[PDB]
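Scroll down for the structure; my scribbles are underneath it.
Below, read A as the first sequence line, B as the second, and so on, with proteins coming before strands; counting in each chain starts at 1. The figures that follow rest on heavy atoms only: side chains count, while hydrogens, waters and symmetry mates do not.
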Amino acid sequence: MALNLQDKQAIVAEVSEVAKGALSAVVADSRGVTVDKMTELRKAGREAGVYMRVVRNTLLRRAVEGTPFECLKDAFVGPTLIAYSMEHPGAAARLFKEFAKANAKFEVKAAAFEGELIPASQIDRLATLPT
Amino acid sequence: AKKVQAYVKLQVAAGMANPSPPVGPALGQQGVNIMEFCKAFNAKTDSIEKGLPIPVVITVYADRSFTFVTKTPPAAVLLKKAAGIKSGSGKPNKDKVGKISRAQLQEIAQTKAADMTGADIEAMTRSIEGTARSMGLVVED
Amino acid sequence: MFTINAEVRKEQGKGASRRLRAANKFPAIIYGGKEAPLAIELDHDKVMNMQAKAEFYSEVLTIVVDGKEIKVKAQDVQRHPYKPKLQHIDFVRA
Amino acid sequence: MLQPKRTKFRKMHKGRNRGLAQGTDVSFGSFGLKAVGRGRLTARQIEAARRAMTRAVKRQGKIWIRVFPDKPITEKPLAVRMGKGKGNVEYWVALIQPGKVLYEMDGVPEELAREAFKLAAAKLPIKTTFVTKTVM
Amino acid sequence: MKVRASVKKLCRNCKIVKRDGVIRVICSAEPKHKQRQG
RNA sequence: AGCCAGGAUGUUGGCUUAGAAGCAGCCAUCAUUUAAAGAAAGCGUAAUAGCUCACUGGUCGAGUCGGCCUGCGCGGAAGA
Ligand SMILES: [Mg+2]
Ligand SMILES: [Mg+2]
Ligand SMILES: [Mg+2]
Ligand SMILES: [Zn+2]
């Protein structure tokens with residue numbers, strides 16, 4: 001029931017998870033195999049977190065209307081499709097790891113796996129934790 | 001492979017891996033013979049389903065053989081052997097379609113959580129529980 | 001809450017009533033209580049849409065005639081013999 | 001074929017068929033086949049429409065026949081002159097006026113009843129409509 | 001083709017067209033479904 | 001509407017237990033996996049394949065879909 005207000009609520013409910021957790025991801029729509037796509041989504045929902053929602057309400061208007069409360073640079077709805085997956089175990093978690101590793105492996109596309117850094121001051125791998 | 005390349009779905013219970021004598025020649029599109037039917041399935045399906053429902057993979061790989069990722073014991077063979085009542089659909093309204101208890105589902109999960117998984121291990125348990133209970137009956141235990 | 005706008009009927013009888021129904025209205029009567037019955041005319045399509053609801057015939061209706069609001073109840077309805085039309089409606093007061 | 005058992009008079013005047021009908025409401029079931037036209041409904045037509053309804057809805061629910069023929073129609077045999085008394089009763093008809101509910105159906109989904117009434121209406125010489133029961 | 005007085009869509013692929021004042025049924029799936037006159 | 005695409009590996013379904021084959025008879029049976037898995041749509045429907053009930057995402061930017069009443073038309077409409 002993707003209605004006017006329903007998609008208005010969908011954007012806010014999908015942006016709340018991003019503002020409360022870590023960077024999310026997406027998945028495009030070019031070609032999908034039964035076993036390949038399901039197992040990848042099954043593995044993604046296991047490692048990154050069971051709260052992953054492949055639902056997509058990221059239209060060029062709905063995304064910029066609700067989500068833009070924080071990080072007003074969220075007008076990149078140019079993706080071919082969206083399949084979201086949160087990262088509870090810290091930032092740049094297995095969600096980011098799986099998306100960055102499956103962007104060119106065992107998948108068609110992942111909407112370039114741009115990511116959503118919380119401060120967005122600069123783009124960094126954040127792969128170093130000196131200790 | 002679990003994703004059978006030639007998924008001609010006609011295969012007798014896991015006692016004899018995909019018995020063509022019981023499937024007949026209507027599923028003759030498969031090319032299974034003694035080279036790739038009695039080597040892996042007939043040797044690795046003993047503790048999965050002994051005379052119980054377990055489909056046999058008819059996949060043929062590209063390496064002149066048939067060998068790829070299989071899965072854990074069938075849910076329809078574990079949750080029913082741990083239940084006793086071998087009934088199901090078709091006659092699920094007149095009588096019980098089998099027993100689907102918490103213990104039966106837990107045992108099915110503990111047996112089929114190796115490779116047959118979903119969004120999580122408990123999700124695979126939910127798949128096992130649904131595979132046992134959706135036959136038409138579920139036990140209140 | 002159902003609000004019906006009514007007009008007091010000037011002429012009454014067979015000829016006048018048929019002229020109303022040709023004019024896409026239909027006659028109605030408000031009786032009951034202590035005061036005299038009031039013959040009104042209602043605009044057919046709005047009342048027909050409202051009466052499509054089952055609760056039209058159970059709740060208390062308000063009829064706006066001459067500015068004065070009247071709490072009424074649908075007492076009886078005369079339907080067209082074979083058409084989805086209303087010929088006449090009885091309204092008991094309160 | 002409906003027919004009155006033990007009627008009082010064998011033959012009846014032709015009469016006329018003026019006026020609107022009386023049983024114009026869905027009284028017994030929830031859906032009705034209402035006649036918007038005027039004419040005669042023979043016993044054969046009533047039976048044929050009933051069978052079409054009873055087969056479209058596979059003998060499920062309840063079907064009421066609100067009309068009963070009870071009017072004998074006479075015909076003269078072929079190659080007989082005019083006069084020499086009134087003809088022999090050949091069949092029975094029910095006089096139908098516009099608004100007459102002919103059939104009622106209950107215990108059936110609305111769209112299935114609509115299709116069942118469509119099949120029955122194709123068997124009838126009078127134009128008909130589908131009607132549902134109303135509060136008051 | 002069929003030249004019945006009553007022409008309808010017999011399946012989903014039937015389309016009703018009105019070429020030259022005649023109401024026709026053209027089907028891309030079943031040539032038996034070709035009907036001529038409204 | 002068209003276009004960028006998709007929709008089981010418990011599942012010959014526990015299933016009339018030789019399946020009646022991800023959608024013959026077969027009963028229900030998302031069964032997390034949902035931009036999708038219906039245990040069923042035309043292909044293969046007894047069956048692989050690439051299209052694909054439905055279902056959305058993506059594009060792209062004003063309406064779109066069915067009914068009801070009513071005016072005037074159309075077909076039904078062939079003779080010496
Ligand atoms: Mg007069
Ligand atoms: Mg021409
Ligand atoms: Mg004409
Ligand atoms: Zn057709």
Side-chain angles (χ1 to χ4, degrees), chain A residues 2 28 32 44-45 78-79 83, chain B residues 1 6 13 19 21-22 24 26 28 53 55 73-76 83 88 90 92 98 118-119 123 130 132 136, chain C residues 45 83-85, chain E residues 4-7 11-13 18 21-23 29 36-38:
Chain C
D45 35 13
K83 274 172 194 181
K85 309 214 91 213
Chain E
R4 35 200 55 162
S6 165
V7 292
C11 44
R12 324 160 308 82
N13 312 111
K18 200 203 173 185
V22 189
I23 275 145
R36 190 202 181 274
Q37 81 183 358

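In terms of the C1'-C2'-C3'-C4' torsion, F:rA36 has a south-puckered sugar. The angle is below zero. F:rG6: sugar pucker north (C1'-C2'-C3'-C4' torsion positive). Sugar pucker at F:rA20: south, on the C2'-endo side, as the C1'-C2'-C3'-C4' dihedral is below zero. The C1'-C2'-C3'-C4' torsion of F:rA62 is negative, so its sugar falls on the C2'-endo, or south, side. North is the pucker class for the sugar of F:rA46, given a positive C1'-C2'-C3'-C4' value.
Atom pair C:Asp45:CG and F:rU70:P shows a separation of 14 Å (rounding to whole Å applied). Rounded to an integer number of Å, the gap from CZ of E:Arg36 to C1' of F:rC74 is 13 Å. Whole-Å rounding puts the E:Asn13 CG to F:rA41 P distance at 16 Å.
For B:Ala119, the side-chain atoms get nearest to F:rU33 when compared with the rest of F:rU33, F:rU48, F:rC74. Listed candidates were F:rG76, F:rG19, F:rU70. Nearest to the side chain of B:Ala26 is F:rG19. Nearest to the side chain of E:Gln37, among F:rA35, F:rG10, F:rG75, sits F:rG75. Closest approach to the B:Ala123 side chain among F:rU32, F:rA35, F:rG76 is made by F:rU32 (side chain taken as heavy atoms from C-beta onward). Picking from F:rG76, F:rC74, F:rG10 the nucleotide with the shortest atom distance to the side chain of E:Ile23 gives F:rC74. Considering only the side chain of B:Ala76, F:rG14 comes nearest among F:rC74, F:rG14, F:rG75.
The six-membered rings of F:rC43 and F:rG44 are unstacked under the 5.5 angstrom centre distance and 30 degree angle criterion. For the adjacent pair F:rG58 and F:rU59, the base rings count as stacked: centre distance under 5.5 Å, plane angle under 30°. Using a cut-off of 5.5 Å between ring centres and 30° between planes, the six-membered base rings of F:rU32 and F:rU33 qualify as stacked.
The base of F:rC55 engages F:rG6 as a Watson-Crick or G-U wobble partner, both distances under 3.5 Å. Nucleotides F:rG13 and F:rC27 are base-paired: the Watson-Crick or wobble atom pairs both lie closer than 3.5 Å. Applying the 3.5 Å cutoff to both bonds, F:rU34 and F:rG76 do not register as a Watson-Crick or G-U wobble pair. Taken together, F:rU11 and F:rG42 do not qualify as a Watson-Crick or G-U wobble pair under the 3.5 Å criterion applied to both distances.
The glycosidic torsion of F:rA20 lies more than 90° away from 0, which places this base in the anti conformation. In textbook terms, a nucleotide whose glycosidic angle is within 90° of 0 is syn, while F:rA54, being further out, is anti.
Comparing the P positions of F:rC15 and F:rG42 gives an interatomic distance of 27 Å, to the nearest angstrom. Atom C1' of F:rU34 sits at a distance of 12 Å from the matching atom of F:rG6, rounded to the whole Å. For the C1' atoms, the distance linking F:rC4 with F:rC60 amounts to 13 Å, nearest Å. For the P atoms, the distance from F:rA41 to F:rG25 is 8 Å, rounded to whole Å. F:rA40 sits 13 Å from F:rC30 when the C1' atoms are compared, rounded to a whole Å. Going from the P atom of F:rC3 to that of F:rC53 covers 12 Å, rounded to whole Å. Comparing F:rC26 with F:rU59, their P atoms sit 45 Å apart, to the nearest whole Å. Remark: the separation of the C1' atoms in F:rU9 and F:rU64 is 41 Å, to the nearest Å.
In terms of position along RNA chain F, the nucleotide closest to E:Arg12 lies nearer the 5' end than the nucleotide closest to the other residue of the pair E:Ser6 and E:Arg12.
With contacts defined as side-chain heavy-atom distances shorter than 4.5 Å, the pair E:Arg36/E:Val7 does not qualify.
Between E:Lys18 and E:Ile23, the shortest heavy-atom distance links the atoms CG-CG1, 3.8 Å. The two residues B:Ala123 and B:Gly118 make their nearest non-hydrogen contact at CB-C, 4.5 Å.
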